[PDB]
Each structure stands twice: as structure tokens, then as C-alpha cells.
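As C-alpha cells, the structure follows; a few thoughts come after it.
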Amino acid sequence: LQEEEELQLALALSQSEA
Amino acid sequence: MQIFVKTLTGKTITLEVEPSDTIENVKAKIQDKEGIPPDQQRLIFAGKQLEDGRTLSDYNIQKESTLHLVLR
Amino acid sequence: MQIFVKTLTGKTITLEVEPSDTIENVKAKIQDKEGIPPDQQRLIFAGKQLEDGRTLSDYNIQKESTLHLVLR
């Protein structure tokens, strides 16, 4: 589902920053 | 203090918060600007989804920290 | 130069890339090594999703930088 993909994308973005 | 909230659509929201503010306090401030109900918001910081009842300080969210927002 | 590419499942792969490689080139190297087609890859660095048509150097991706890979 798009929601699960978006959650993964946000987790990765967040990780990659801090 | 200011924090940033970034969406996957490329928007950067800013919020004025205190370290003792709760996550729901934060989501309400997003609602005030974007119209998105808190229950449609998932906030992410340091690879973790942020939970109701906890404060920004609980997650070590400090000045000019960036949270990520995804919508249900 | 070696870079690392990690997924949220914890896997970390090593790739040999150049500063002038485009993002689509790097995705082609992941496809070559892991068999994942480029349209299934989203690459992330320093809080940005990397865009095709740009190079690694455009993002200041250097030797031993770590990129995140999310699969679509």
C-alpha cells in the first residue's frame, strides 16, 4: 500500500538526517 | 523554540514549541496551519514514530530539529 | 570510491561509484548487484530523496557515505 511505502520513506529520511 | 516539519510533498512547516509540549500539542499546531486532523498525522523523528502522551524532550527533539510528517 | 547502501531491514551493501555518476547510474549498479530494477528504488541521503539527472557530487556524497534505500 502507498501508506506503508510512505512510512518507510519518512523513516529513512528521518534516519538519514539525524 | 522553532522546529521544522517536512512532508513528502516538499513542504517545510515551522512550529514554535517548548521541550515540554506533547506530541498531540505539536499535531494540533500542524492542524492549525494545514488543516490536517491530528489523527491523520504520523510524526517521525530519529527513525521512530512519535507517540501521544510523550513530550518533545522525551525524544531529544531540540531547537531546529526536523520531524517528518506522513498522512494516513 | 566505496559507498554504502542500507535498507530499513538492516542489510548494508557496498557499491563502487564515482562522484560524476548520476543517481540513475547508481540505481543501475544496485540492479547489477542485487537484481532490483531502478523503478523500484528510492535512494535517500541527508534528508533528501535523490533525483535522477543529478550526480553524487551534486549531493556532496563522498567516499564511505551511507545512502538509504527504500523499495517501492
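First the proteins, then the strands, lettered A, B, ... as listed; each starts at 1.
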Between atom CG of B/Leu67 and atom CD of A/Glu17, what is the distance when rounded to the nearest 0.5 Å? 9.5 Å

dist A/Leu7:CG -> B/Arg42:CZ (nearest 0.5 Å) comes out at 5.5 Å

Between A/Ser14 (side chain only) and B/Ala46 (backbone N and O only), is there a donor and an acceptor less than 3.5 Å apart? yes

Answer with side chain, backbone, both or neither: which region of A/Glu6 has an atom nearer than 4.5 Å to a non-hydrogen atom of chain B? both

Against chain A, work out which of B/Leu71, B/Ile44, B/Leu69 has the most heavy-atom pairs shorter than 4.5 Å and name it. B/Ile44

Search all heavy atoms of A/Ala10 against all heavy atoms of B/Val70 and return the closest pair with its distance. CB-CG1, 3.3 Å

Scanning both residues in full, the closest heavy-atom pair of B/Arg72 with A/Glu3 reads O-OE1, 2.8 Å

Criterion side chain to side chain contact (heavy atoms under 4.5 Å, CB included) on A/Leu11 and B/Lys48, from CA distance to verdict: CA-CA 7 Å; A/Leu11 290 164; B/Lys48 314 172 198 177; 6.0 Å; no

With a cut-off of 6.0 Å (strictly less than), are more than 12 heavy atoms of other residues, nucleotides or ligands near CD of B/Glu16? yes

